[PDB]
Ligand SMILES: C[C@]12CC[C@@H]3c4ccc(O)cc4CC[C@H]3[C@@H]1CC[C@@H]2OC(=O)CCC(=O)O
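Read the single chain below, which is given as structure tokens and is the form solved without the ligand.
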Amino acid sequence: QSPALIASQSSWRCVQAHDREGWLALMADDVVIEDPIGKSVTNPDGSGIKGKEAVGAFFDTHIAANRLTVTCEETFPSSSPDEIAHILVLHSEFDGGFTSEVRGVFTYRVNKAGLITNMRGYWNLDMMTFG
């Protein structure tokens, strides 16, 4: 398995376990999270969350707090072991049985040591469902 694939799949594991330390351990010091790409609540300046301290806070706020799960629909390797794209479905679960989802394209780049430098989400609110 490629370094990009190992990292994407580890990241979902850690997001599902609320494993803050394990999740941050996957990230390069210069990691940029754009989930989604563009101005949103989870990308409030439209240019990404930069660096592990800020990415730790993002984790506390939008991940540690919620009941987030990841379903992987399809994986698209590139010709680089270090870059990969997936179709994923993000599941957030509320009290009383309520769930929101968003199905998007997520791209991951790692550096040469195998750490996440970029996580980029092609989705917006018109793609979110609630049930």
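Throughout, we count residues from 1 along the sequence that is shown. C-alpha atoms forming the largest set that superposes within 1.5 Å between two forms make up the rigid core.
Same protein, other form: the form deposited with the ligand bound, not shown, and the subject of what follows.
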is_contact(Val31, the ligand) in the bound PDB entry, heavy atom dist at most 4.5 Å | no
Does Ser47 reach the ligand in the bound PDB entry if we count a contact as any heavy atom within 4.5 Å?
-> no
Applying a 4.5 Å heavy atom distance criterion, does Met128 contact the ligand in the bound PDB entry?
-> yes
Is there any non-hydrogen atom of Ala65 lying within 4.5 Å of the ligand in the bound PDB entry?
-> no
After superposing the two forms on their rigid core, pick out the one entry in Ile87, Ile63, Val70, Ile37 with a CA shift of 2 Å or more between the shown form and the other one.
-> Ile63
Answer with closer or farther for the CA-CA spacing of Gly56 and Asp95 in the bound PDB entry compared to the shown form; it moves by 3 Å or more.
-> closer
